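We've got the same protein chain twice here, in two forms, each standing alone as structure tokens: structure 1 and structure 2.
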Structure 1
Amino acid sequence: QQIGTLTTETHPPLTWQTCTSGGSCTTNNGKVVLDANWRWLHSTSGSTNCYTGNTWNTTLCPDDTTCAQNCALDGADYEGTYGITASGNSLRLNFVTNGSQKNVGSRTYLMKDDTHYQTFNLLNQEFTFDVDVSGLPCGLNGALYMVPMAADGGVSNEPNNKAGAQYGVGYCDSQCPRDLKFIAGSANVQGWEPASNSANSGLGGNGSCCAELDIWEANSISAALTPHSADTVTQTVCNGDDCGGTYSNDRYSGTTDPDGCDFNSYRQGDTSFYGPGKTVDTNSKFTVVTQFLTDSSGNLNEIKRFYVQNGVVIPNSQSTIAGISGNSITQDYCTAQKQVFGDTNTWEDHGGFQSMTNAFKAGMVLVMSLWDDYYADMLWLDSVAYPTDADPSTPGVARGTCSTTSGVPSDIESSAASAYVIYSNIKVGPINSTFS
């Protein structure tokens, strides 16, 4: 995709911290950028849209290559159009913004400079942030996570990609998303079809795969921490059903792990731990600490979680499911959880902890998003039962307190239009350096 010249792109400021030890943190002046999929996409020749609603202009975009040559991504009105407010240490994302048109959700990335994403290697480090999820009801997902996107947004080896990181180009994840307009320096017009169960109501011929570390996927009801493996940790392009993931005829036929090794306290049997008025009280802001421990060879072997609220350090809740012990993500936990729950261990299939180690070594980009779920209504995160018809007595079925009828986008985009999330006070450093 090309650089549009009709609207200046100014990345809103976001300060975050590097810590070296407890009580020793210094500030970094970062910036945030909106994902390309949310942007106006128009001809390089003028103002004519290449994409409108959920379909393409086939004169401007007769094929994937020509479309990339012909079409430019332009600058974003962050607050006015997208309800994104980045100031000081905080990033607020609003769910619905009814400006000149209706906007639902957003996906943003942390930048090091105007043309590069910040990258992270969290081996032997912890990532820590504050979050307010009080305004997130059933069906919402405020996600803070990491994917090994190319730092430059792909421009170095993609001649038709000039927009790059500057315009939030280069997304990939463990679902191999096919709703992306641009993948690996090409458009995705070929095979594009409208689809009711896609976030943007459309799906192209190709998907964008990579590893994915879901540090935080949450609302006021439930939270999940989920690493996802991949054969190749950085971006690969997949074709149709061979993609696997959400929209394939065979979810597990691809090169990535679409399910991940998840820890949701409620799913792991403790319904008193996380939620409104609970041990981690979602009525108010809290600190989320995620630690990435290694074996003696420097390969990831454990993900730990701590919360801090009112100055009280709260260890992650123990899994209470018989056969699934502990309060962290380890190979023993992942194997036991998949076996006991009766879920396919695609996590292990695509390299598990070694895969995530490789993803960290490649360098991770920080993603901060707010979304509703056109495929499963976020029931996988917060429902009394997922699947909706499954036995709530069966281990792994219950994930939260939300009804099986909750979270339908056409419902909640109305009823929960005021929903928002605030991420703040991001800190990265060695184990134990960001809290005490």
Structure 2
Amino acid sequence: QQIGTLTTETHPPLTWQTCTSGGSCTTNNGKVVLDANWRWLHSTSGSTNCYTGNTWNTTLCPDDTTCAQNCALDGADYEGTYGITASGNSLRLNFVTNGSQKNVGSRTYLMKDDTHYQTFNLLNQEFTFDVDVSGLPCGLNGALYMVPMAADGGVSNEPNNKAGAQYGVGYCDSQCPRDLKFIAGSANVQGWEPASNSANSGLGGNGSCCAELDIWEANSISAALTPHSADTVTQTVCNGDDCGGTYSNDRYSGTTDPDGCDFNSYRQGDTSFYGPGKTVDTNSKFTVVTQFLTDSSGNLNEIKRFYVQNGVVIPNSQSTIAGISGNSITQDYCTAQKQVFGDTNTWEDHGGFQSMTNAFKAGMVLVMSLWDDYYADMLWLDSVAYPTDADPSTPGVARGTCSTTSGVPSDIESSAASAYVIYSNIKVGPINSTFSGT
């Protein structure tokens, strides 16, 4: 994709901290950038759209290469169009913005400078942030996560990609998404079909695969921490159903792990721990600490989670499911959880902890998003039962308190139009350097 010249692109400033063993902390001047899919995409020779709603202009985009030559991503009005506001160390994302037209959700990335994403290697470190999920009801997901996107957005070896990280180009994840307009320096017009339900989306012939660390997927009801492995941790292109992932007819047939090794306190049997008025009280802001412990070789062997609220350090809840113990993500936990729940261990199949180690060594980009779910209504995160016809007595079926009929986008895009998430006070450093409390 090309650089559009009709609207200035100014990345909202966002500060975040680096801490050392001490724990003294200093402030980094980061910037955030909107993902390329949300942008106006128009001809390089004027204002004619290359894509509108769910449909490509086939004169501008007769094939994937020509489309990339002809089409430019332009600047974004972060607050006015997308409901994205950055102030100091806080980033607020609104679910619905009624601008000149309606916008639903957003996905953003943390930038080092105007043309490069910040990258992270969290091995033997922790990543910490504050979040307010009080405005997120059933069906919403404020996701803060990491994927090994190219720091430059792919421009170095993609001649038809001039827009790069400056315009939020280069996304990939463990679902191998085919709804992306640009993948690896080419458009995705070939094979495009508009979505059956969403007016804003569709699926092209190709998907964008990579490893994925879901540090945080949550609303006010439930939260999940989920690493996902991949054969190749950085971006690869896939085609059609062979992609695997959410919008494939053969979910597990691809080169990535679309399920991950998840820890949701509620799904792991503790329904008193996370939610409204619970131990981690989602009515108010809290701190989320995620630690990435290594073995003697420097390979990831454990992900620990702590919360801090009202000045109290709260260890992650113990899994209470018979056969699945502990309160952290380890190989023992992942093996046990998949065996006991009767889920395919695609996490292990695509390299598990070694894959995530390799993802960190490649360099992870921080993603902050807010979305609803046109595939499964977020029921996998927050439903009394997922699948909806499964027995709630069966371990692993219950994930939250939301009804099986909750979270339908056409419903919640009206009823939850006030929804929002605020991520703030990001801190990164050695283990135990980013937080304190009793």
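Structure 1's sequence is the ruler for residue numbers, which start at 1. Residues that one form lacks are left out of the comparison. For the two forms, the rigid core is made up of the largest set of C-alpha atoms that agree within 1.5 Å on superposition.
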#### Entry: Residue from 308, 199, 362, 293 whose Cα, after superposing the rigid core, lies 2 Å or more away between structures 1 and 2
199
### Query
With both forms put on the same core, how far apart in Å are the CA positions of residue 23 between structures 1 and 2?
3.3
### Task
Report, to one decimal in Å, how far the Cα of residue 400 moves between structures 1 and 2 once the rigid core is superposed.
0.1
### Summary
With the core held fixed, residue 248 moves its Cα between structures 1 and 2 by a number of Å equal to 1.2
### Summary
On a rigid core fit between structures 1 and 2, runs of three or more residues in which every CA shifts by 2 Å or more occupy 21-23, 196-201
